[PDB]
Protein chains: 2
Amino acid sequence: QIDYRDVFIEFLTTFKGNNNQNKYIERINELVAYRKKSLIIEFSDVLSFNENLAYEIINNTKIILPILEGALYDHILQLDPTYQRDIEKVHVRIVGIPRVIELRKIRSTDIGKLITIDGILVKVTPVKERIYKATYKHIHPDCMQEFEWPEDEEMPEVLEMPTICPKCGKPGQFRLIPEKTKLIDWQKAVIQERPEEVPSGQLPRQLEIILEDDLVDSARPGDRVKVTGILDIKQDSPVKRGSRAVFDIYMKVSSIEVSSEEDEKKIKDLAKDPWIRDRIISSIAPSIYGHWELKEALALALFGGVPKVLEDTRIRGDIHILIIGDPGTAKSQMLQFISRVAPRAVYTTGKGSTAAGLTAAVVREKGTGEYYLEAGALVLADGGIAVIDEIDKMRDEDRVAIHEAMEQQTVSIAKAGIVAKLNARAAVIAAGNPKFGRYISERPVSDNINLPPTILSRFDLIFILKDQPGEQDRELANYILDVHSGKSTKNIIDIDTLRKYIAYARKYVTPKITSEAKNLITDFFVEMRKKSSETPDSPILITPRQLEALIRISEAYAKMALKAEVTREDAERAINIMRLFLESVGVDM
Amino acid sequence: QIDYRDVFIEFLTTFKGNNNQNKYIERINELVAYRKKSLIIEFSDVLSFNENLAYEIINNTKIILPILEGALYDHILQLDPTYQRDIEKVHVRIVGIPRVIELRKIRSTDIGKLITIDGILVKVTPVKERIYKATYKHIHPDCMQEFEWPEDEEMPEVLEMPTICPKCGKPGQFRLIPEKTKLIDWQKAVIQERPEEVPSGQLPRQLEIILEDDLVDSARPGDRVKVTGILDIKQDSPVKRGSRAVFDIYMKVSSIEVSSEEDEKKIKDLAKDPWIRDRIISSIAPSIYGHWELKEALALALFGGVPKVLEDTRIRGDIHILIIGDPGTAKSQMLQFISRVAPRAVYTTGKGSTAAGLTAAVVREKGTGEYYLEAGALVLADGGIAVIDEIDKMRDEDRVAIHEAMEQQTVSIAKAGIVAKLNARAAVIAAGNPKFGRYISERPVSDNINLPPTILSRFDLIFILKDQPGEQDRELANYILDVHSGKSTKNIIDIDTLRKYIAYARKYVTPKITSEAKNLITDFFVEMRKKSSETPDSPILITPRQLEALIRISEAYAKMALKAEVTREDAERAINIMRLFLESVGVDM
DNA sequence: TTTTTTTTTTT
Ligand SMILES: [Mg+2]
Ligand SMILES: [Mg+2]
Ligand SMILES: [Zn+2]
Ligand SMILES: [Zn+2]
């Protein structure tokens, strides 16, 4: 019963963070500048400042938020009167709730309480409008009266029409007036539990969440998010009894977090090391012995090149890697590691995927009867990495559907009266086996690969892996047994901070090509083309695409060290890595 | 007539266990400490204590269970007052009901009586909420009153709305109030009769069961369960009568069990025998003469290895066995025995299965038109054993769908806008015939097996069975006729005990590799690679997977004797069994 | 009819 608005104001105005700069007065300072009508407050901060205040938000969230939000609005008005007539209400979002519940463990006792759920966003609906205060006209020749139907109460989830006119007391028919109705933004989304918490032999479960007002379009499908809000039962057709007094539960989101300053200096400290590139390479798949050249190639694909957008066309900035090897060469283990360290990645297999599922699917809604597009794997991976294991097992008629997405980075659909074009700017990493399971050194490269030259030319680097039992078996066996014994390699960058390093580099680094790097790349390309003409029967063709691979690889090397330009050292590395690629496919220089 | 609450309370406090330890008193505090809010009792113990109490439960179940619930709740509160305000209702479940009825023999006379049914779970729905006490607000300009609609009575299965407002006596509009409504967890499951109970030439029958409150998520599909509760008729769509006074039936589950301390003593006593490993092997398929190396191999697959989960990757712990042999070599008979003895096994046929059915299928839901996922055979066998008979009869383009699930133990689907990953951690045992039906000694091994090297490397052990007539025919003929004569081999562990032994071993034993075992395994693997390179023509490749096979087999041998360490003795056995596998495929050592 | 994944018969 004690007043908390005064406690809120002093907490907001007076608070000391770890940085010791009064974090919480800068957020409200930016609140009036950009007019976002939403404030983020950490539960750890309010708990430290006032234990009693933190509890009251947890257990009395229903009747403490409108009071608390009203106090904040008055303080905002005092700071700047211009906020009036621009924003009517300001929302306060609380994050970091200790009450975290697994999606499968939700029971009846959790209804009506503020909880937090971690999951994967799979579906988003277009933004719509919801009525919370309607206006009606009594169509009865004596009334012609206007009244807001739900008095001193917002309109419930199910729309209800008045039966007795409050202005005359007589029944009849009522007409809604849209221009006098108050609306609010409304969006529906579906949250799926993470594969980590799925029990054995069970399919994952899904939960429906509702986003309103400024929370709409705050995330995209495939993201990993944490949602805080209140659970409630869902009503769809209350008019039809139809027995079965059983309801499903939904969630009203109060705040959403999508998966800080101390990370910047931590990343900058790593880049200061002159051997940062070697540290990153050594940190790729620490459980795999050897394969140093493959680890270097996979590191480049994670960073990628610099895309170019021009007046008339655009140039692909992503790097594609293809690996062919004998079974048991740990090709899949490295691909699994890539899908974990990448900030955004989609893992698919050759046999378990279709052309429609990879790019886009045209699906007909049974109710409406209209066709609409469904995002494929490549579309969902835009701006990230796409992994296609067992690519050689895909049907050739089905594999050609990704030819344009791999180079033009677009998906074109002309089906069922729908013509559309979707961006698919995603790097592709693929693995497969030779034609006869294992590579045969007694036969040419032409029949060993068994892939059309069109798709091969789209890959920047192609590595052929040969399992040759030699003198390294003892070293390999010792390394494997140490892994099984729990021994772990040291002096490596862990997966969590490595993911942050890649995300920062891909966002704030854009290397430029210098004059000295141009000469080295130009000379190598001329020699590469001349050497290729010696053998025309090989299925590997040196096209102008290979020249752009040199540029992309060179930029990726500079981006690893957070450099602002491509020097001659990066060009030398780019030439060296492709020399190994050419040697593997049988081209010697 | 008389009150049994005093008898019930003293029954728990005065009952004596097997060794006079009062096996009910220590359950009460466990319920209090863990707040499990559910207590189970045994009918035979109740019958052994007081015959009158047992009859009243078995007959007047609908009027004595709430009475015993109240007495139990009072006894908990006095034992620990803190139990209040956390659990407002405690359920008591009775098991071991003598009234057992087959699913196909249910008649109208059994309706409303406490009965027990044994069957197989097939379908489970997501957990929902059911209203048992609602709150309404009369939307009439004069009432604005809130009341609980069902007075002194639970809300029936049909959602019924008040017609006359009790607070004012007038009809009108009533609005449900979810905040004041009381809910209860609700789940729906389908149970199927056992295959051995189905009459000749008919499909198995199914029954619908309802699980509520703590009984939700009590089992997974494919389990064998025993459900006890009251039968009742199902009212689904009573809005329109449409004649047809015929109704279905459903069961309200009161207690459920799936598929003990006495068994642990028996299991531990068996492991004390030094020759337990040989005793266990002799118990595998007692009706099959010979094939000692195959029985030993099948025993290892039942126990398996130790899966390793690291911060960046995970290692398969299951063991895969492949058998190729001439027809009539009892391959199918031995595989059928494995399905019976394994705690969780799925039997499939190569011809009677498809790629979608083995791993996962995307099906368009008819009600909404939206695609969703259906678990395949491998997913349903997670944590168990998958048996694939006639693997050679599968289409090659269709058999490759299980390559990922057999090594990475995952299933990836990218179809119709659905991207998902599922765990398929199961062991695969497969059997098949050579290319020409029977093994041809003239031709090499490569054309006899007729399988790609990729799938062959996935199998830890491969055995080739040759039906060669010889001097052993008389011994085989005598053994078969003795089986047909009813004679049974003695000194073998029964199938029921063996299943319990395997389940205990797989849950509480995690062997570790010692230094001595590491040296023996490393030396053998190096020798294997050197020998394989000398003859680069065999269809078997010694990949690094073979090294991990030795580790998994070594752990399985230690796990068979409930040993916590892998001594040198287990390494020698693992090396010895692998030697026989190599000699079978013609790889001399 | 139409696109899609699936089991099935039959164009
Ligand atoms: Mg692989
Ligand atoms: Mg057979
Ligand atoms: Zn009126
Ligand atoms: Zn009333």
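As a basis for the values below, the full set of heavy atoms in this structure was taken, side chains included, without hydrogen atoms, waters or symmetry mates. Convention: sequence-line order gives letters A, B, ...; per-chain numbering from 1.
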* Asked: Do other residues, nucleotides or ligands put more than 12 heavy atoms under 6.0 Å from the CZ atom of B/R205?
  ->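 Open.
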
* To do: Evaluate whether atom CZ of B/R340 has more than 12 neighbouring non-hydrogen atoms of other residues, nucleotides or ligands under 6.0 angstrom away.
  => no

* In terms of side-chain heavy atoms, does B/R104 have a donor or acceptor partner in B/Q202 at a distance below 3.5 Å? -> yes

* Asked: Without hydrogens or angle criteria, can the side chains of B/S412 and B/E404 be said to hold a donor-acceptor pair below 3.5 Å?
  ->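 Their side chains do contain a donor-acceptor pair, which is all the 3.5 Å distance test asks for.
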
* To do: Report, as a single string ordered 5' to 3', how protein heavy atoms within less than 4.0 Å touch nucleotides 5-11 of chain C: B base, S sugar-phosphate only, - not at all.
  => SSS----

* Distance between P atoms of C/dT6 and C/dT10 (Å, rounded) ->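 Rounded to whole Å, the distance is 23 Å.
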
* Asked: North or south: which describes the sugar of C/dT4, going by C1'-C2'-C3'-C4'?
  -> north

* Asked: Does B/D236 have any salt bridge (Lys or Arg N to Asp or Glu O under 4.0 Å) partners at least two apart in sequence or in another chain, and if so, which?
  ->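 Here no residue qualifies.
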
